[PDB]
Ligand SMILES: O=C(O)c1ccc2c(c1)nc(Nc1cccc(Cl)c1)c1ccncc12
């Protein structure tokens, strides 16, 4: 179960619960203030009191600790842990309080896109943020607009400074890698086909995420693996032959081709809605085709070929940045 807490209640004599920020499958996240940071507001993740979620949070904390000792002064746009503790079996982590995540704001705007300069700056942050993560033997395994926070989402949102949050899935290079790892919508072909994954996973997701920013809607609105693959093929091109010879999950294929009932409800859905990636472009200017060229390289089927965030940052699309955007 959860925790015995209403508003005004105190934790460890530092925080007072002023209200709820959200609640999920892991526990609560509440808004607070601090005695010793004096007046200071924080989001306070509070993991439930069950064995498995506890041991899990611990691993997460280890991640946030590592993030907090490389990012010397904090130029890398990761959510900052300000404190953690074991408040009676419920692991608790104090994060610095931020705005709404890039998806709420998109929902509140009735799912209509951020303009290109908005995207371009968010992409820039995202690449930069995760490249920092990747050069420290990490993979966030759960990127998705819900997990990217605006520092402040005053509204067009006034300031496109963002943060990456919820490292509850971040995995180190030594650690055991689970077979399946992303959010269905942001999950790369190598994971669907169970070919092992690592950092490139993140880049695939990031592509999906930038698509969603630019158009307002999820790129792979799907629920089953087979459909998901078919969407991939229609939008990005045929799945590279060596990836099919190399896959255990052959149920999805026949004679090196995807098995698909085009007349099924998902078949018809795909035919009506899924189009080549180029054709989802709004305008044909340069700063648009550049963005899409980036996205396509981010959505390379083959994770050994897929561009890296270190390479992504050397892209002519980012040329369109404000020098105050630049840092
Ligand atoms: O996991 C983290 O690192 C994490 C870290 C910080 C926040 C967060 C999740 N979620 C917030 N929002 C939120 C919104 C809906 C549901 C839930 Cl459970 C939480 C939030 C808000 C303001 N400042 C920091 C955060």
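Going from the start of the chain as shown, residues are counted 1 onward.
Cβ from N, Cα, C; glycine included.
Among the features that Swiss-Prot reports, active site, proton acceptor is placed at 142. Sequence annotations record features per position, and here Swiss-Prot assigns ATP binding site to 21, 22, 23, 24, 25, 26, 27, 28, 29, 45 based on sequence analysis.
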Mind computing the max CA-CA distance among 21, 22, 23, 24, 25, 26, 27, 28, 29, 45, which the record assigns to ATP binding, rounded to whole Å?
14
Do you know which of the recorded positions 21, 25, 27, 29, 142 end up with C-beta under 6 Å from ligand 1?
21, 29
In this deposited model, 13 residues are missing between residue 155 and residue 156; what is the Cα to Cα distance between those two, in Å, rounded to a whole number?
5
Euclidean distance between Cα atoms of the residue listed as 'active site, proton acceptor' and residue 25 (ATP binding site), Å:
15
Chain-mates of 21, 22, 23, 24, 25, 26, 27, 28, 29, 45 with C-beta within 8 Å of site centroid, ATP:
46
For residue 27 (ATP binding site), list the number of other Cβ atoms lying within 10 Å of its Cβ atom.
20
Between residue 29 (ATP binding site) and the residue listed as 'active site, proton acceptor', find the distance joining the two CA atoms and give it rounded to the nearest Å.
18
Return the residues near residue 23 (ATP binding site), defined as same-chain residues 6+ apart in sequence whose C-beta is under 8 angstroms from its C-beta, sorted by sequence, else 'none'.
29
Sequence gap of 6 or more, Cβ distance under 8 Å: name the residues on the same chain that satisfy this around residue 21 (ATP binding site), in order along the sequence.
29, 30, 31, 43
Which residues does the residue listed as 'active site, proton acceptor' neighbour through Cβ under 8 Å, counting only same-chain ones at least six apart?
166, 168, 169, 181, 182, 183, 186
